[PDB]
Ligand SMILES: [Mg+2]
Ligand SMILES: [Mg+2]
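In the authors' numbering, the protein residues as written are 5 to 759.
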C-alpha cells in the first residue's frame, strides 16, 4: 500500500476503508494464496494476526504511519483470524472490525456453512441492521432448504408476509432485506413446507425474544448497544492458566435467587420494562433484571469471596420448570430478566469485581415446542430423522443431528457466540453421557450400534472435540467443564491425547461418597472410612471439579442441613466439616445458592431463596464461615497451585476408621506454604491426638471450623502448637493436637516464630 492511501485513512478522507482495511487477496500460487490484513489501530504501538485454528501468530508491521499495520500471510484460505493490539502495557484480542463489507451472505459464507466451518455464521444468519442499495434496514436470513416458501411476518406488516416473501439462495438459505425497520422490530418466519402446510417459527439465530410464553424474535443492533470496560480482565484470563488458580464457583439459577415486587416496573440499564410475573400462583412476585442482579448478586458474591458465578442455562427457554435445560432460543439471553445489553452489563460488572462467569450450555437436545427448531422446514432438519438416535423418548425431547454440517455449525458457532458477544469465561455441559452413547436410556432392540458395532455416538464425540478445540484456540484460559456419569476416559484431557477436550470434570463419585458419608450417623462412619478416601485413587485420571450442585437439594434429597444427623448444633457442624474438607481436598470448588447460609427447605425454582433466615445468628455464622473459607482459599497457594500434581497432596494418616479421623498435607512451590489438614468426623472431641508433620517448628492454627464465630464450641489449639521431635506416621516430627468435635483444622508452619 501507498502513503497517500494510508494518509486518506488516517485523516478520514477515504471513500470506503473496506477497500484497504481487513483481509485482501494479493495473488494465487499453485497450492496457496498470498493475503494481506490491514488495520488502522490508533494509540496501538504493535499488533499481530492470530490464526488460532492453525496455531499461528504473525506480527503486523507499521506502514507509512505508526498506527497503520500490514501483515502478509501465505495460506490457502484466511477465514479464521483475530487481531492482537498492544496500547502501552495492555493487549486486547478482537475480531477484525473490517471483516464484512456487506450484511448479505457471500458465496464464501454459504460454502463455509455447507462444510459446517463458519465460526461466525451468526453475523449473517438471523436478523442484522445494515445498508443494501443505499438504504438502512434489516437483513433476514434463515436455513430452511426443504421449505416451499418463507416470509418475514412482524409488527411492520401486521403479520401479513405477502410483500415480504424471501429469496432462496443455493437451494438452502432464504434471505430478505427490509428497508427502514431497525432494532426493536418484532418478527417471525412464516414457512410453507413441501406438503403446503403453513406455520410460524421463532428465528433460530434470533438475538432477543418476547417474554415467555410469547415467542416472537426481536431485532438487536448487537454490536451498538453496550460499551465494555473489561479489557484488563480479558488480558489477564488469556495470559493465565485457570487450572493453577483458585476456582470457587457460586452456582445460581437467575430466576429463583431473589424476586422483586410485581407492583413496580423492572428497572433496566438506562430504561425500564413491564414486570415479569414469576407465575400465576405467586403473582405479587417478579423476576429481577440482569441489571438489578448486577447491583445485588455481584456485591453479594464478591463479599462471600467466590471467584466465579455459574449460571443455570440463560439461553431463551419457554418453561420455568425446565430450569433452562430445554432451550428453544440458543442465540438470545432469556427476556425474563431484560435485554441483551442488560446481560452484557452483568458480565462487565462481574469482570470489574474480579469475578468470572460460567454458562450452563445445552447442546445435547431441544424440546418439541412448535415455535423452536423441531421439524423446522417440514423435515428432520436440526434433529436426526431416526428416533433411535434423534429422540430422548424418556425426556420427550429431540437430539441434534451432530453429523449434519449446518447443525454442527449452529452449535459450534453458538458456543463461540457467548464468548464473542457476551465475554463469558466458561461453559459447563450437563449429562455429556446423553450425547456420547447411541444406547442412552434406550432398551435392547430400540437402538443401533455405530459403523464398528460399538455403542459410541461417533458424530457426537467428534462434535464435542471440535467445540473444545475451537473454544481454547479462540479463547485460551477459559473453563470447559463436563458432568459425565459413565466413567468415559480422558473427559478433561486434550483432544491430541484422545480426550474430549474439557479442562475440568465434575467428580460425581466424590459427591455421592461425601453426601452418603455425612448422611450416616457418626457412630457408623467407622464402617465407611472408604467414603472419605476412595476418590483419591482415581483422582489423577482427570482434572476434578468438586461440585455440590442444584441437583442434590431438590426432589426430596433435602438441603444440606437436612441431610445431616443429630441436633441443630451437629447438623451445622456436619456442614462446616464437609465444606472445610471439600475446600482442602484437591480439586476446584462448586456450590449452589442457599448452601452458604443453611437454607432448611429444598431449592424451589418457583420461588426465591429464604433470605429471612439471615435475620438469625446460626445462618449468619454459617455465611461468615463460607466468607472466611473463600478468603483462606484465595490466600493459601497450597489449596490451589498443585490440585492436579502428586506434589499437591499426601495423606499423613487415614487408617483411624474407629474415630473417623483423617489428615493430609497440601503443598505448593514454596515448602513454607505446606498445610496440615486434620479432620474429625464425629462429635467426640480429642484432648491429645498425635499427627506427624514434615518439619520442626510452631504450626499456626490457620483455620478451625469449630471456632465460635462459625457457630462452633470454640475447642482447639489456642493459636497453634510446637512440633515435638517424636517420629509419628513415618515423619520425623509430630503435633499433639486438640481435635474439636465434627470439625476440620488447617495448620501452617510459621518458620519465623520466637522459641
Ligand atoms: Mg396470514
Ligand atoms: Mg420468597
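For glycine and all other residues, C-beta sits at the position ideal for the given N, C-alpha and C.
For this session: Taking all protein chains shown into account, decide if residue 737 is buried (16 or more other Cβ within 10 angstroms of its Cβ) or exposed.
Result: Locating residue 737 in the chain shown gives position 733, counting from the first residue. With 16 or more Cβ atoms within 10 Å of its Cβ, residue 737 is classed as buried.
Exercise. Nearest-angstrom Cα distance between residue 470 and residue 595?
Worked result: Along the chain shown, read from residue 1 onward, the residue named residue 470 stands at position 466. Along the chain shown, read from residue 1 onward, the residue named residue 595 stands at position 591. Answer to the nearest angstrom: the Cα atoms are 29 Å apart.
Problem set entry | Span separating the alpha-carbon of residue 636 from that of residue 751 | Within the chain shown, numbered from 1, the residue matching residue 636 stands at position 632. Within the chain shown, numbered from 1, the residue matching residue 751 stands at position 747. About 12 Å.
For this session: Going by CA-CA distance only, name the one from 377, 299 and 347 that's closest to residue 330.
Result: Start at 1 with the first residue of the chain shown, and residue 330 comes out as number 326. Taking only the C-alpha atoms, the option nearest residue 330 is 377.
Problem set entry | Straight-line gap, residue 576 to residue 565 (C-alpha atoms, nearest Å) | On the chain shown, residue 576 is found 572 positions in, with the first residue counted as 1. On the chain shown, residue 565 is found 561 positions in, with the first residue counted as 1. Spanning the two alpha carbons is a distance of roughly 6 Å.
Problem set entry | For residue 111, three-class secondary structure by DSSP | Residue 111 sits at position 107 when you count from the first residue of the chain shown. Three-state DSSP puts residue 111 in a helix.
Problem set entry | Completely contained beta strand (DSSP E) runs for the region 46-123, where each covers 3 or more residues | 50-55, 60-63, 72-78, 86-91 and 94-98
Exercise. Beta-carbon separation of residue 190 and residue 156 under 8 Å?
Worked result: What you label residue 190 is simply residue 186 of the chain shown in a count that begins at 1. What you label residue 156 is simply residue 152 of the chain shown in a count that begins at 1. Not closer than 8 Å, so no.
Problem set entry | First through last residue of the alpha helix (DSSP H) which encompasses residue 548 | Counting from 1 along the chain shown, the entry for residue 548 is found at position 544. Here residue 548 belongs to no alpha helix (DSSP H); instead the beta strand (DSSP E) covers 548-552.
For this session: Find out if the Cβ-Cβ distance for the pair residue 138, residue 107 is shorter than 8 Å.
Result: Along the chain shown, read from residue 1 onward, the residue named residue 138 stands at position 134. Along the chain shown, read from residue 1 onward, the residue named residue 107 stands at position 103. Contact flag unset, no.
Exercise. Where in the region 243-325 do unbroken runs of the beta strand (DSSP E), each at least 3 residues long, occur, reported from the N-terminal end onward?
Worked result: 252-256, 263-265, 270-272, 275-277, 289-291 and 312-315
Exercise. Looking only at its own chain, which residues have a Cβ that is under 7 Å from the Cβ of residue 760, when we skip the five neighbours before and after it?
Worked result: For residue 760 there is no data in the structure shown, the boundaries of the chain being 5 and 759.
Exercise. By the 10 Å Cβ neighbour count, where 16 or more other Cβ atoms means buried, how is residue 761 classified, buried or exposed?
Worked result: No answer is possible for residue 761: it lies beyond the span of the chain, which begins at 5 and ends at 759.
For this session: In angstroms with no decimal places, state the Cα-to-Cα distance between residue 644 and residue 600.
Result: For the purposes of this step, residue 644 is identified with residue 640 of the chain shown, where counting begins at 1. For the purposes of this step, residue 600 is identified with residue 596 of the chain shown, where counting begins at 1. In a straight line, the C-alpha of residue 644 is about 21 Å away from that of residue 600.
Problem set entry | Under the three-state DSSP convention, the category residue 734 falls into | Locating residue 734 in the chain shown gives position 730, where the first residue counts as 1. It is coil, neither helix nor strand.
For this session: Assign residue 753 to buried or exposed, taking buried as 16 or more other Cβ atoms, counted over all protein chains shown, within 10 Å of its Cβ.
Result: Residue numbering aside, residue 753 sits at position 749 when the chain shown is read from its first letter. Buried, by the Cβ-count rule.
Exercise. For residue 102, does the count of other Cβ atoms within 10 angstroms reach 16, so buried, or fall short, so exposed?
Worked result: Here residue 102 refers to the residue found at position 98 of the chain shown. Buried: at least 16 other Cβ atoms inside 10 Å.
Exercise. Do residue 252 and residue 734 have their C-beta atoms within less than 8 Å of each other?
Worked result: For the purposes of this step, residue 252 is identified with residue 248 of the chain shown, where counting begins at 1. For the purposes of this step, residue 734 is identified with residue 730 of the chain shown, where counting begins at 1. Contact flag unset, no.
Exercise. What are the start and end residues of each continuous beta strand (DSSP E) run of 3 or more residues lying completely inside the region 343-408, in chain order?
Worked result: 360-364
Exercise. Relative to the C-alpha of residue 450, which residue among 683, 707, 136 and 398 is closest?
Worked result: Residue numbering aside, residue 450 sits at position 446 when the chain shown is read from its first letter. Of the candidates 683, 707, 136 and 398, the one whose C-alpha sits nearest the C-alpha of residue 450 is 398.
For this session: Using alpha carbons as the reference points, say which of 199, 427 and 456 lies closest to residue 234.
Result: Sequence index remark: in the chain shown, residue 234 carries index 230 (1-based). Per the Cα distances, 427.
Exercise. Would you call residue 708 buried or exposed, if buried means 16 or more other Cβ atoms sit within 10 Å of its Cβ?
Worked result: The residue you call residue 708 lines up with position 704 of the chain shown. Buried: at least 16 other Cβ atoms inside 10 Å.
Exercise. What is the rounded straight-line gap between the Cα of residue 402 and the Cα of residue 372?
Worked result: Within the chain shown, numbered from 1, the residue matching residue 402 stands at position 398. Within the chain shown, numbered from 1, the residue matching residue 372 stands at position 368. Residue 402 and residue 372: Cα-Cα distance of roughly 7 Å.
Exercise. With burial defined as no fewer than 16 other Cβ atoms inside 10 Å of the residue's Cβ, what is the status of residue 198: buried or exposed?
Worked result: Indexing the chain shown from 1 puts residue 198 at position 194. Residue 198 comes out exposed.
Exercise. Quick one: complete beta strand (DSSP E) runs, 3+ long, within the region 128-169?
Worked result: 130-136, 139-147 and 153-158
For this session: Assign residue 758 to buried or exposed, taking buried as 16 or more other Cβ atoms, counted over all protein chains shown, within 10 Å of its Cβ.
Result: By one-based count along the chain shown, residue 758 stands at place 754. Per the 10 Å Cβ criterion, exposed.
Problem set entry | Inter-stretch contact at 8 Å, needing at least 3 Cβ pairs: the region 683-701 / the region 656-667 | Segments in contact, yes.
For this session: Would you tell me roughly how many angstroms separate the C-alpha atoms of residue 620 and residue 626, rounded to the nearest one?
Result: Against the chain shown, residue 620 aligns to sequence position 616. Against the chain shown, residue 626 aligns to sequence position 622. Distance between the alpha carbons of residue 620 and residue 626: 11 Å.
For this session: Take residue 18 and list the residues in its own chain whose beta-carbon comes closer than 7 Å to its own, dropping the five residues that flank it on each side.
Result: The residue given as residue 18 occupies position 14 in the chain shown. Closer than 7 Å at the Cβ level, and outside the excluded window around residue 18, lie 12 and 24.
For this session: Report the partner residues of residue 200 according to the DSSP bridge assignment.
Result: In the chain shown, residue 200 corresponds to position 196, counting from 1. Note: residue 200 sits in no beta bridge, so no partner.
Exercise. When every heavy atom of ligand 1 is checked, does at least one fall within less than 7 Å of the C-beta of residue 164?
Worked result: Walking along the chain shown from the start, residue 164 turns up at place 160. Taking non-hydrogen atoms of ligand 1 into account, the C-beta of residue 164 is found less than 7 Å away from one of them.
Problem set entry | Any non-hydrogen atom of ligand 2 within 7 Å of residue 264 CB | Position 260 of the chain shown, counted from the start, is the residue given in the question as residue 264. No, the Cβ of residue 264 stays beyond 7 Å of every heavy atom of ligand 2.
For this session: Name the two residues that bound the continuous alpha helix (DSSP H) containing residue 585.
Result: The residue labelled residue 585 in the question sits at position 581 within the chain shown. Where residue 585 is concerned, the enclosing alpha helix (DSSP H) stretches over 572-588.
Exercise. Any heavy atom of ligand 2 closer than 7 Å to the CB of residue 141?
Worked result: Working through the chain shown from its first residue, we reach residue 141 at position 137. Checking the Cβ of residue 141 against ligand 2 gives no.
For this session: Go to residue 335, then tell me how far its beta strand (DSSP E) extends in each direction, as first and last residue.
Result: As a working note, residue 335 is residue 331 in the chain shown. Here the beta strand (DSSP E) through residue 335 covers 333-337.
Exercise. Just how far apart, CA to CA, sit residue 269 and residue 338?
Worked result: Your numbering for residue 269 matches position 265 in the chain shown. Your numbering for residue 338 matches position 334 in the chain shown. Whole-angstrom Cα-Cα distance: 18 Å.
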